[PDB]
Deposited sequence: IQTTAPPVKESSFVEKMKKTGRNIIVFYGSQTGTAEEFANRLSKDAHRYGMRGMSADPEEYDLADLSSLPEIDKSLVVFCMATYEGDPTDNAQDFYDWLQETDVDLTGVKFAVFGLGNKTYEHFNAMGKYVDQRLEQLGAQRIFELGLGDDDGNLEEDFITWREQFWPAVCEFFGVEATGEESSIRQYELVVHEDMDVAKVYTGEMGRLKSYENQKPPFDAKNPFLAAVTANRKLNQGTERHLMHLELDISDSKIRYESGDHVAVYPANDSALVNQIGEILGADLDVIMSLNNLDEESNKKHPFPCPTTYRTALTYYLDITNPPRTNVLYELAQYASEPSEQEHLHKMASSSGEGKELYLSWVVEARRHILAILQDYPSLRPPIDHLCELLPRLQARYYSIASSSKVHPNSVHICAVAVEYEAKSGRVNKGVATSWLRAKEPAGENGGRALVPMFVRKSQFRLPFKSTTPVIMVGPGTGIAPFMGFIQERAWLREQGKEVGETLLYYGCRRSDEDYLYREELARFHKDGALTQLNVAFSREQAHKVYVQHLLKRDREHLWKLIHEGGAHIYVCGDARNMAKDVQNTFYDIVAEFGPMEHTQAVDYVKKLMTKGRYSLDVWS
């Protein structure tokens, strides 16, 4: 559930007033689709047209029926998919699409879906919108784009976009017409301190003066009460943090996710300013040159560049091609300007260089500024080009039944040697690792309700599979199932299938799990130590070992299956093992076993909390 915002007045009438003929809506949750929509809206101008981006949530898409009132009009949808559903901001549009009977005759559209092939329902939202608009009477002007974040989404967009525009120009009889700034810089001298943002996300001083309810736009600064290392070795750093949410009025259940707004590495920020020869402490504002847009700034303003680079901008992920394309003008060495220019190529050496030199090598903006030393853009323009710093999600590792005023986190710190030649540090995990309990160590956060939940009936059996940090939500599940037993409730079997390299090196929550097992909260504690023998022993091997009993729990006990952790290979391997279990004991042919397992998913008996 989520209260709906007050809609803006019809977007078509706004297009008429502003001379726009193309509008690109974005269904986005991590800002990717938003960037893609903005890029397409900007492209229009280079083809003799004029566009605008827009959040579908702020509008009534029913006005699409009025779009034909504008000559040679066109609407484009850049939609990402999440858990097989629309992004939060596109749920309204989705619901309307299903219930409406409105006739969209005359409407011209195009859709670029953002997805990831490793998920069950790949690009489910983009596919639905593309098909539904046509059923409603609209006509497709260009083929559905299927972006796959498992390969390279940026390239899928480049390829689609390169074909899209010629198609649009050809159909509407328009033609291809210099760098253009979206914002203008306004430096502020003598400005009061009370009016300068310092990292807050919503209203000025919202971090200092905390007022509920707390959410993505108004995060609660939670005190880190505990932050300890969970593993023994020095190979990696796995940690457990406990955030105090007392007096926040925030509610949560095991299975939910906790999001945090981190701060970038200050040395990284410092170095960017230094290499550009810029004063990061200048207070300024970037104001939209289009006084009509509601998006007055790229991020909270006024503020210093240092604050923007630290809290509002992404300065670690590989820059996307349009950014490097716009920065090329600032490279005084011809050969460097040429490389940056060609990064936007849909094929050839330009594309190959971008994929290996920028993406594979994981070069962040500073690395590029260092490796292409002639590249010296003005700081204000770079800040306008960089993407927004996103919050990071973690599977809450505690049960609100046991810890109603504390939200636990289990994570592995990200730190690796990149082919770019430097050690790359994970933004959120490096920041979290540094938070020391007791001044207060505060973490801006909020909770996102998920559908990953323990069975309603205490008696229903639970099968938990979560190797490595995948154990996170299960520490919450187990705490809760233990609590239910302590409260006199009858609890069905609770089985954990966990995995790590070695018992004495990275066996997370070893002591806590042993106790739950001893007390009976855990009916079985099955642990696969992948490196204690020559052969790899994984959780799926244990599931295969216990195939007969698991089938009993699944077929006779109505047991619920839960998988958390690596979605790339572990999740699939585990799924395939369940297919094999069902096939042997049904019995039934593979094809039928697959349908059976996918059916458990729809019936809410096989849930996933997987990530990359």
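Item to complete: Quickly check which stretches of the deposited sequence aren't in the model, judged by C-alpha, and list them in order.
Response: Gaps vs deposited seq, in order: 1 to 2, 180 to 182, 444 to 447.
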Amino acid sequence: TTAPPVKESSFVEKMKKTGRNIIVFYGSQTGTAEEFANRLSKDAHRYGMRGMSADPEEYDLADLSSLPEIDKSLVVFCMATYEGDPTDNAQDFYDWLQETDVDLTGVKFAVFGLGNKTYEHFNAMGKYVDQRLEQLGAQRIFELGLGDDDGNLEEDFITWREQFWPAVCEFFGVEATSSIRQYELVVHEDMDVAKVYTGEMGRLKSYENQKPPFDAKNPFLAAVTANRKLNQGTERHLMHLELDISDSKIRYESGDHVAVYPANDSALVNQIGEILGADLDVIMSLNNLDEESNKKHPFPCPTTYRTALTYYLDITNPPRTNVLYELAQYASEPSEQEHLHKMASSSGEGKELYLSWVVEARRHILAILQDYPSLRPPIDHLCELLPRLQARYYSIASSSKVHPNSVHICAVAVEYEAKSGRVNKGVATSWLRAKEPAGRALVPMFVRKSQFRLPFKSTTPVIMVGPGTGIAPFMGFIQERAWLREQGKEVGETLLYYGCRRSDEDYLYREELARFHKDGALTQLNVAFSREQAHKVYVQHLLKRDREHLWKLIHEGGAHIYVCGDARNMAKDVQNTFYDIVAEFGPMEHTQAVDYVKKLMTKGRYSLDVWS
From here on, numbers count along this sequence of modelled residues.
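Here the rigid core means the biggest group of C-alpha atoms that line up within 1.5 Å when the two forms are laid on top of each other.
May I ask which stretch, 256 to 264 or 189 to 197, sits farther from the shown form in 4 other deposited structures of this protein once every structure is superposed on the core, judging by RMS CA distance?
With the rigid core superposed, the C-alphas that lie farther in 4 other deposited structures of this protein are those of 189 to 197.
Quiz item: What about residue 439, is it left unmodelled in a third or more of the other PDB entries we looked at?
Solution: Yes, a third or more of the compared structures omit it.
Any chance residue 303 is unbuilt in a third or more of the other entries we compared?
In none of the comparable entries (those modelling both sides of it) is residue 303 left without coordinates.
Averaging only over Cα atoms, indicate whether 184 to 192 or 105 to 113 has the higher B-factor in the PDB entry. That would be 184 to 192.
Notebook entry, point to check: Out of 526 to 534 and 481 to 489, which stretch has the higher average CA B-factor listed in the record?
Noted result: According to the PDB entry, the answer is 481 to 489.
Q. When the CA B-factors of 499, 173, 262, 387 are compared as recorded in the entry, which is the largest?
A. Spelled out: the listed residue with the top C-alpha B-factor is 173.
Notebook entry, point to check: Going by the deposited entry, which of 373, 476, 466, 439 has the highest CA temperature factor?
Noted result: Most elevated C-alpha B-factor of the set, per the entry: 439.
Quiz prompt | Third of the chain, ranked by Cα B-factor, where residue 549 sits | solution = Middle third by C-alpha B-factor.
Consider only the C-alpha atoms of the modelled residues in this chain, order them by B-factor as the entry records it, and name the third containing residue 575: lowest, middle or highest. Bottom third by C-alpha B-factor.
Taking the C-alpha B-factors as the PDB entry records them, is residue 585 in the lowest, middle or highest third of its chain? Its C-alpha B-factor belongs to the highest third of this chain's values.
Chain-wide C-alpha B factor ranking for residue 318, given as lowest, middle or highest third:
According to the entry, residue 318 has a C-alpha B-factor in the chain's lowest third.
By the record's CA B-factor, is residue 121 among the lowest, middle or highest third of residues in the chain?
Its C-alpha B-factor belongs to the highest third of this chain's values.
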